[PDB]
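Peer 1: One structure follows; several queries about it will come next.
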């Protein structure tokens, strides 16, 4: 899970 | 003929319109921006979804800030007379009001200004949809357990009318992306368009997208700062009519  | 109403956009032009997808995955090393794993899943999901809505989909990968602006400029200069609408999807890193090219930022306003009612005349009075999967800041949502001015002789409309911005997240907040499944927002948007585009007005579809993202996803992180966080998308509408993707035969 990553953020933009 | 009989009584006529004008409450929805005309969507029975010969073409539905373009759907431009800008898919930025890999960034120049000097920007210090990370690769956006999962974004190809989103891009493919969108291509398929808008194909089934009969848009002319054009995918662009890994564009610089100069290339993004040149693309938008060129597209706004096409003749859209026979098209019902215009859709642009932006998948990238972002901050409030900004989307990143592979080598640096572009103001969202610079991109959308090309399509203003006075600058793209073949889209005047037609819906212009910008779908934006990108961060808008660094906030994290912790969640909670559950007669001079009237009757003008020459009719004008505002140049900012007939835009809709479907943002993946609230102003100021991070936006979340699963490395395998794609971004929460794009996953949900595609699912709801698949299920409801032949049934519901677009604002009501986007409301179901809000509910799906808000209720069905929560972050998981080994870093307590980023763990157990939530997301709500943000619909921003300057539309002046209801928008249905279908029409009467």
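Positions of Cβ are generated from backbone atoms using ideal geometry, with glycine treated the same way; all protein chains shown enter the neighbour counts. Taken together, the values in this text are just the output of simple stated rules run on the coordinates, not laboratory data.
Peer 1: Restricting to segment B:117-142, name every residue that is surrounded by fewer than 18 Cβ atoms within 10 Å (Cβ to Cβ) and touching a helix residue (DSSP H, G or I) at 6+ places or on another chain (Cβ under 9 Å).
Peer 2: B:119
Peer 1: Within segment B:158-187, work out how many residues are out of contact with any helix residue (DSSP H, G or I) (no Cβ under 6 Å at 6 or more places or on another chain), facing chain A (nearest Cβ under 10 Å), within 14 Å of residue B:232 (Cβ to Cβ) and part of a strand (DSSP E or B).
Peer 2: Qualifying residue count, segment B:158-187: 1.
Peer 1: So residue B:61 clears everything in (1) out of contact with any helix residue (DSSP H, G or I) (no Cβ under 6 Å at 6 or more places or on another chain); (2) closer than 14 Å to residue B:24 by Cα; (3) within 14 Å of another protein chain (Cβ to nearest Cβ) except one condition, right? Which one?
Peer 2: Status for residue B:61: all satisfied but (3).
Peer 1: Is it the case that residue B:195 is more than 26 Å from residue B:125 (Cβ to Cβ), outside any loop (DSSP other than H, G, I, E, B) and within 14 Å of chain A (Cβ to nearest Cβ)? Give the derivation first.
Peer 2: Numbers: more than 26 Å from residue B:125 (Cβ to Cβ): yes; outside any loop (DSSP other than H, G, I, E, B): yes; within 14 Å of chain A (Cβ to nearest Cβ): no.
When the stated conditions are applied, residue B:195 does not pass them.
Peer 1: Sticking with this structure for a sec: Any chance you could count how many residues in segment B:122-157 are within 14 Å of chain A (Cβ to nearest Cβ) and in a loop (DSSP other than H, G, I, E, B)?
Peer 2: 6
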